[PDB]
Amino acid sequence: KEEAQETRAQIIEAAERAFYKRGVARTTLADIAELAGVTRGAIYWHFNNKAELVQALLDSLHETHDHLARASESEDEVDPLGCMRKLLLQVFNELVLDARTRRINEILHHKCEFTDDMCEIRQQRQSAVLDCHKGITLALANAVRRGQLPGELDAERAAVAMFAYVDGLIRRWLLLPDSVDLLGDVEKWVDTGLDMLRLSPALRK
């Protein structure tokens, strides 16, 4: 029943503390098993290796925005740019309010080396950023098919400029919090990025 299947969520949670205190590079399954109070067998039962766990920390970040995201990417949503505003606000709200989001992000950006002894962390990350880029592009097009964003704007590049700016901000708040009142000014910070996409001639063809 309810045992074997709930251990999974207890393994992930211990994997987070372990990763947070020690770092991905130097943590081993064994470290996580002791923390979870299970055996390395219980772990191997849900996770073939340490890259799956990491992967699972990463795939957990998408859940809260899922719907707002899917909306932005829908060709039938009359407010696609407005949907991308609500998502960015939620990404930044979730970041400031949820200890758990803050720490998975803090693990991904500042613990977590790409080493060649375990290169699926890197491959997993590349691939994750491609799929997020493709999402942004469609949203970008959808707003353009709609008078919300300048016609024949460069999707691709705007997509990358947008990612760059948000990744870099998140990582910056993650380094210096008291230096960005990210919560008190979510609106300003989001629209700065929005203003770029819609006002930058360099982002045009």
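Note that residue numbering begins at 1 and tracks the sequence as displayed. For clarity, a rigid core is taken as the largest C-alpha set superposing within 1.5 Å between two forms.
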Positional deviation of Cα atoms in 5 other deposited structures of this protein after core superposition, greater for 167-175 or 148-156: 148-156
Which of 158-166 and 33-41 strays further in 5 other deposited structures of this protein - Cα RMS after rigid core alignment: 33-41
Between the two ranges 112-120 and 86-94, the one averaging a larger CA B factor in the entry: 112-120
Stretch with the greater mean C-alpha B-factor as recorded in the entry, comparing 155-163 against 176-184: 176-184
Modelled-residue ranking by C-alpha temperature factor, third containing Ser127: middle
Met196 - Cα temperature factor, lowest/middle/highest third of chain: highest
B-factor third for the C-alpha atom of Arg171 within its chain: lowest
Third of the chain's Cα B-factor distribution that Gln55 belongs to, per the entry: lowest
Third of chain Cα B-factors occupied by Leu61: highest
